[PDB]
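This report concerns only the one structure given below.
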Amino acid sequence: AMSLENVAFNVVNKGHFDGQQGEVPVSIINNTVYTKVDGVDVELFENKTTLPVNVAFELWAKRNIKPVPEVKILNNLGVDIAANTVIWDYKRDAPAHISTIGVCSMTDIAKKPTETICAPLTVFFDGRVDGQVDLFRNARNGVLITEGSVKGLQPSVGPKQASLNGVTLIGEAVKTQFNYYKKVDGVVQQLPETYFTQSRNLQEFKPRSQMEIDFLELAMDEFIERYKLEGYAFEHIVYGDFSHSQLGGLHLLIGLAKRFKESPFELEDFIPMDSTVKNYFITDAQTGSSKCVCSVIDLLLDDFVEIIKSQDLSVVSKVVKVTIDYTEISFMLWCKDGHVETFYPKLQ
Amino acid sequence: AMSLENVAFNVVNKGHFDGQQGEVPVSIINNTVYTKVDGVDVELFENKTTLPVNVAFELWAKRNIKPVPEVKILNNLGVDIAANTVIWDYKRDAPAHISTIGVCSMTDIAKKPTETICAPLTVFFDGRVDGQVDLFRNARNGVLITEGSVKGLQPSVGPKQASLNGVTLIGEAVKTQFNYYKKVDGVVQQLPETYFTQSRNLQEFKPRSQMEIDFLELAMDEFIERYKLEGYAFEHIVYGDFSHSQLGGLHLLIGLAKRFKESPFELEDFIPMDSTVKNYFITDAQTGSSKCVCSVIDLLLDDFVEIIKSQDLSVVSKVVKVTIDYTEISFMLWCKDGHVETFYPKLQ
Amino acid sequence: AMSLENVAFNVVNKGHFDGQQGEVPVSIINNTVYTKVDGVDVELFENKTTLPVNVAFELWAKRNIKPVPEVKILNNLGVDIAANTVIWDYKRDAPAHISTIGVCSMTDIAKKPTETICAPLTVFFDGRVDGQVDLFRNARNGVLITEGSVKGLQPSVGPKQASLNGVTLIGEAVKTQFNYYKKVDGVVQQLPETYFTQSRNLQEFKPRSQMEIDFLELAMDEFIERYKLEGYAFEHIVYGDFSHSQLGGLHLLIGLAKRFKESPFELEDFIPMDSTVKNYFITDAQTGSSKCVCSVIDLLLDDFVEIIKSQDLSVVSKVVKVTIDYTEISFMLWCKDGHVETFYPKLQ
Amino acid sequence: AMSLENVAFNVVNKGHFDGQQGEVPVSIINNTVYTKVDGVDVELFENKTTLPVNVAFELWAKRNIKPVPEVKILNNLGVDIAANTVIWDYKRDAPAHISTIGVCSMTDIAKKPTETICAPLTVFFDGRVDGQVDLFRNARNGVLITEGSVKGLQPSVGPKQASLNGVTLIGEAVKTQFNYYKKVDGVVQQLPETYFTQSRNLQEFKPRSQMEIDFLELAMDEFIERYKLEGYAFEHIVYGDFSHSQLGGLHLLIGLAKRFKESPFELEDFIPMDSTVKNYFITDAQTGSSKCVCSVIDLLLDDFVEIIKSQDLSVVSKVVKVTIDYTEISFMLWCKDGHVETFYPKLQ
Amino acid sequence: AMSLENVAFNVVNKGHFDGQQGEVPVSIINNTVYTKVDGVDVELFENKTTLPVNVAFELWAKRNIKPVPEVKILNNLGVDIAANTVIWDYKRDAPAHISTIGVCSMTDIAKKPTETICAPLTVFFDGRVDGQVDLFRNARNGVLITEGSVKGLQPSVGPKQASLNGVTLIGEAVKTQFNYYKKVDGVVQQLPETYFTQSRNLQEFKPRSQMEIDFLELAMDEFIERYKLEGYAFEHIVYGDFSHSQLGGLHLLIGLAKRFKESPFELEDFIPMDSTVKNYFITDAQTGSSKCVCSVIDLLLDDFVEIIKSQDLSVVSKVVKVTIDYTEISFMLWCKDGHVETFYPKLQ
Ligand SMILES: CN(C)Cc1csc(N)n1
Ligand SMILES: CN(C)Cc1csc(N)n1
Ligand SMILES: CN(C)Cc1csc(N)n1
Ligand SMILES: CN(C)Cc1csc(N)n1
Ligand SMILES: CN(C)Cc1csc(N)n1
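Protein chains in written order, with my numbering: chain A, 53 to 400; chain B, 53 to 400; chain C, 53 to 400; chain D, 53 to 400; chain E, 53 to 400.
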């Protein structure tokens, strides 16, 4: 019963695929899906994926329209595929996963996640869908999200935010904080202690603590004095050094947000995907200070201060490993005479 | 209930659209339609039309698989559209008509040829389909084909041949000779008395008369002597003159077929469409004699001899109009001292 | 050290990928790979696959240039992937398998067939490559070909022919007849007793037995008399019935080859892939007799005669299953009064 | 050693081409370069050039990431090609020059600018690169930029701004003001006296003089009074006349910037390239006043005032030639009774 | 007055560009040019070049329709560009040269070959066009063809054949044998004494000497005996050795033509361009003997016999340089005990 014309009918009348009956006239030209609306063609979808246009159209129409974990979380947890849904990746304008289970005849490797092809894959299960907690309970590999408790299983409290139709938000009218569960080879895992990235924008940056309010409001030297940060190189790492041709530090999103209020800068996202650590080719418009690979992480300033203040400062250079978004992030810590020179997410 | 996947299902299982129920997985990439057959994509259709790939695919699947009039006949008769069928043009690899009636939601201007949008268009009707003779009686404009007699309607016996799936043939197991009828502005039009082109190939040329057998077998001077053709310039017009840089004459397909047995030549079909008169950029491989626009017609040699012998040879140059395939073909007749110099389908 | 320019260098200098060092300037435009040869671009490859142009180019350069089993055999045996080679499908102008093992970084699911992702897949192993017989012994699933005996393994003698660079041939300077072995779920499977299709063309058809020579030479009634085939409907099944609008029978390639010498016909290959049984939309040019789905098999006439003469003729209709190319081909046998009416590869 | 996969590796790991060793899996689909990052394709480059996708990708990766002269300056100076670098044109999303020298095997006309093919071309040399001042000294044709003095050669002080990764800026952490030198047929040229365009944006417009601060702050009549501009048509030329259907004047960017603070307007950049004078199809959103070709120049208001006050106002219409960005810009000056009516960059 | 619609008008009415006035409606979709002929689109041109579709269309319409030197001759002579004509390469379906002189505004580097940009380029001049012999006398670099004598210029008699509209022929109604002249750096160059390749096809092969007639008619051992070729390895070099997995010898087109009459073989033209020596990936269908790079030259058998009989047979291996089509072709001559083992165009 699935068809191009039926997917298009659902998009036109329901804003997305809603299992409704009906067909609309469709025309495909190159990578674009159009529909006839009173004698003229109207664009419904432009394929930006590496899948065929009609296939990507159907997967985009069948995307999950509930708040879902951000793609970076799913990737860090080793998710290969979702059970009977499509996690659409709005950063890549493409499906987050290569294959599907019970979604599209062209991409499906199975109809149900109980089929033996899914046994080695880490299947994403959503406890908000009936029967998915039980499917995770019998799955060999999987990642489960829930809104509440699961009998016997100990939860890992996930981030406060989730993606709803490409908008990362902390839900007020919807629940976005999930309990995370993971199984590897039939064994429930104890998920590690983890920090979480805040997933904020440069243009819409809002502080989420009194320390972050003080960072944005106070001058550099009075914030450093207030929070006893002397010797931690926040002037370089967080504020940024725009005095040399190569831009110094600037690895925390809150520091880029502070700079952004004063003067603009170019951020070239050369690997445009969702990731815990982002790399930008940054050009500061005021000074002309630039850096080809400037690693940026959006940690709550308090969490970053806690991380940097919990490090031994007696070695010239070492790798500092921190669990962020369930993954191991390596940082390079450079010290001199017991003070930090730089601390940055390792470009590895 | 029409869909891309249903059209594809019919192509895969029925060799064409057969109104069957079912769907197959389809992928569209550029101008090609594929289907998954055991994990790999198999090409079903490559779009060579100016219509969208999925639209052209549906029209090609819905093509008429009965013997139908050749596109040149339909064009000569002023056919704009077909009633509830698609006349596929195998020479252009595209639908013969821009729009449809009751065939495809993207190309349809109407569901039934009785809709007022069809009134000014010359609609093609097929008497072999129930109700189509009556639809022609009520159509303001149209062309009707029938296998037999329609009470009160004066018939025009059409050509012996018709196109069946792109093969032009004189039916033995099927009827290919139709009665033709035409209406212009609600009035039945008297079709003119006409010659018909034979629709033969250069490579598969077969003589269809004793005169044609003699043309292919006898030498030039003994054929001309046998058929009393002295003074009719058959040496130039039919045999061809390969002695100068510009190829002389060579306007009858049988003459090209005779030459082809002896030595090959290049025929550039610069306007590749079905037409009563064809134009080729011909290069003779043996001599290097060539002509940018060599008009070629496939008339039965007897018909061409009858035409040329029925002309007044007392004027230097004049236009000779001959009805061929229902259209008026202009010829340029050039004479000197009561003999033909050249006679060719007038270049426009 | 694999690159687009290195694959292109190998194509230009070695006719294919040969592991040589070097690079040539390449330009990719749409689906075509070009190389600069003295200031002008020369086409190296036109992508006809659903894979990206550069990816398909690399797989085509890395195609197996030794005689390999025909794709229909591999498909019939359930082959999903090849071990460290590419079986190029010359009929589809695409790789026979979706993924690779140790061939191309874009398509590889593994470097070696011992990786756990290959365990559920039926991997094709070539005993002519060092270590591949051992790899088959440790594979959970696979198909092995060999030129000789493997101690302890019960062989299946395969067809006499193999594909060498797209040419199906019976090797004289090379071995094309292989021993076949198959494993399903770690257990060696007994390959069934089978007939083999002959893989002949209509245009280059050669008889391979005295019965086939007699079929092509004798008239229909004297061949049927010589081989005692009265009551077996060879007039319909093998010779073909061109008297009605729907073409009767014509299911054996030798019968199409016999007809082809007398008069031509159109064969529309609507699912253009390699398969034991082929389906054509056939239009006979002489009569206009046609059939949307005409199933055609190229069996040696003697094998087909043996099959049809080994059937019980006392039931109106039944399915007759025959093992051909290791697969079970269903036939529809229709009888009346102890004589065959029709026998054809069952349309699905 | 140059390859598609190596260029892609450099882009992924270094933010641009950095001569590093390594390869990443690449897929090319249409005009887009992707790389596999954990099973999914991530876009690296979308070709907007008229060069092949892989070729444009390599040139974009090999773009100059130091502050370089703006393309309009290079064009006005007659630069045809750059020595061993790529000047990327961010306004056209394409290389500024057709060919390269020592950059890419597909576009290179030479490896070194000393090769005889470069002798007639004006090669761009960068004194900040070792040996390039000496290469300019021996070049027949060229344009040289330097940060300081060149022995024997008299410099032309260029504009204060340069382009750094597509951002036009006046460097604080980097030097953007260059000394310009030019050679035609082996002879060092005396570059002319020139004004420079300021290269500002409408949205980020900042005044660069007290007169420009007063223009943006004061009302029209008090600015004209303060700067004694009565009779110079600044009301029309700089402020703009929005009272008629055709938009009057509005040829100086500062005037568009002033209007922009009050109400928005549409600027159609119908020839989107870098040029000293820009032409826009402007539609004022508040009034509906519009002009198909509104020539706009960004001159410092003081320079424009100096130019207009240095003209003879006694003729109805004449061409006024001004050297701006080293090129001759023609202006049309229209006067009546000794006062300016209009003064605009000539639409020629 | 040059336009897309005017080029299309000329193609439709004149079979090519003929400088006529007029326009036809054109539509461009992807790489195809169409024209409306009675409401439907008819394909005029499919772009197979790396140039834009409209640009390649114009160059193809403006192709030289007189017999011209074969592209291999022009390439061997170092021709970079043609004076006021387009040499169409029918083997590559593209212009033979990158740029033009006085042909198309998109590809022209000059209007006349006297412009200083043409001075370093070897310009092709055609003495059959008025003023082109004089233009060659003033050109710094060039190749001139003439039908007769140029006072003072020492001629080189070229091959008997030329290309007329893609057909290589020895003219009977047109002159195809030209006098050749070449200039390098303002100095007329003495063209070397050369053999010429015959430019024959495998399918249309005709012997051009009594020795070639005897090669095709006599058995291998009686031809070798008749022409005293014992010890020259013609069994390997010309006849071919099909006994091993790697195809032995087979480097002369006449030997491939002889084999072709007996049994077919696959010739993969992996670098499809016109060249004196061609390389094929050959697969013999009868034996399965194959060779990845089989160099093939079409020399008149007498010329090849003269070349091989004029070599010293006392060294194990040496390079033998032979001038063919004005270029120096290296051959690898392998001897043992005073007899030839192999002699083949040296693989590079
Ligand atoms: C282009 N990308 C945003 C995909 C998309 C969604 S809706 C539409 N026209 N395109
Ligand atoms: C390419 N043209 C013949 C259309 C067509 C019909 S089936 C197929 N693959 N293409
Ligand atoms: C078009 N298809 C045969 C693939 C291919 C191989 S070589 C070339 N130019 N294309
Ligand atoms: C589309 N244009 C901005 C080129 C470009 C640079 S990085 C990328 N994906 N495209
Ligand atoms: C496809 N190639 C032969 C170019 C061309 C000339 S005419 C036409 N339709 N295409």
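Ideal Cβ positions, reconstructed from N, Cα and C, are used throughout, including at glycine.
Annotation: the continuous beta strand (DSSP E) that includes residue 197 of chain B extends over 194-198. A check of alpha carbon separations from residue 361 of chain B across B:216, B:243, B:237 and B:280 identifies B:280 as the nearest.
Secondary structure of residue 285 of chain C (DSSP, three-state): coil.
In terms of Cβ geometry, residue 326 of chain A and residue 203 of chain A do not form a close pair [threshold 7 Å]. At least one CB of chain A lies nearer than 7 Å to the CB of residue 216 of chain D.
For the pair residue 324 of chain C and residue 225 of chain B, the Cα-to-Cα distance works out to about 28 Å.
Assignment of alpha helix (DSSP H) within the segment 112-138 of chain A, counting only whole runs of 4 or more residues, yields 123-128 in chain order.
Sequence-ordered contacts of the segment 116-145 of chain B with chain C read 117, 118 and 119 [C-beta pairs closer than 9 Å].
In this structure residue 68 of chain C is buried. Its beta-carbon is surrounded by 16 or more other beta-carbon atoms within 10 angstroms. Closer than 7 Å to the CB of residue 57 of chain C there is at least one CB belonging to chain D.
Annotation for residue 318 of chain A indicates a beta carbon at 6 Å or more from all heavy atoms of ligand 4. Taking a beta-carbon distance threshold of 7 Å, residue 108 of chain B does not count as an interface residue toward chain E.
Of the heavy atoms belonging to ligand 3, at least one sits nearer than 6 Å to the Cβ of residue 98 of chain C. Look at residue 345 of chain A: its C-beta is under 7 Å from a C-beta on chain D. When the Cα atoms are used, residue 74 of chain C and residue 154 of chain C turn out to be separated by approximately 21 Å.
Positions of the alpha helix (DSSP H) runs, each at least 4 residues long and wholly inside the segment 317-358 of chain C, cannot be given because no such run exists.
Contact between the segment 344-355 of chain D and the segment 255-269 of chain D is present, with at least three C-beta pairs closer than 8 Å. Rounded to the nearest whole angstrom, the C-alpha separation of residue 186 of chain D and residue 102 of chain B is 57 Å. A distance criterion of 6 Å places the beta-carbon of residue 145 of chain E in contact range of ligand 5, judged by its closest non-hydrogen atom.
Interface with chain A (7 Å Cβ-Cβ cutoff): residue 225 of chain D is included. Two segments are said to touch when three or more pairs of C-beta atoms, one from each, lie closer than 8 Å; by this definition the segment 150-169 of chain C does not touch the segment 81-95 of chain C. At least 7 Å separates the beta-carbon of residue 347 of chain A from that of residue 302 of chain A. Exclusion of the five residues before and after residue 335 of chain D leaves 317, 318 and 342 as the residues of its chain whose Cβ lies within less than 7 Å of its Cβ. Around the beta carbon of residue 228 of chain B, a 10 Å sphere encloses 16 or more other beta carbons of the protein chains shown; the residue is thus reported as buried. Not one heavy atom of ligand 2 lies closer than 6 Å to the C-beta of residue 245 of chain C. Pairing residue 198 of chain D with residue 209 of chain D, the inter-Cα distance amounts to about 10 Å. Contact check for residue 275 of chain E against residue 63 of chain C fails: the beta carbons are separated by 7 Å or more. Within the same chain, 132, 133 and 193 come within 7 Å of residue 173 of chain B by CB-CB distance, once the 5 residues on both sides are set aside.
Contact annotation: the segment 369-387 of chain A does not touch the segment 75-82 of chain B, with fewer than three C-beta pairs closer than 8 Å. Between the alpha carbons of residue 307 of chain A and residue 138 of chain C lies a distance of about 52 Å.
Look at residue 99 of chain D here: in three-state DSSP terms it is coil, with no helix or strand label. The beta carbons of residue 111 of chain D and residue 56 of chain C sit about 16 Å from each other, so the pair does not count as a contact at 8 Å. According to DSSP, residue pairing for residue 65 of chain D in a beta bridge does not occur.
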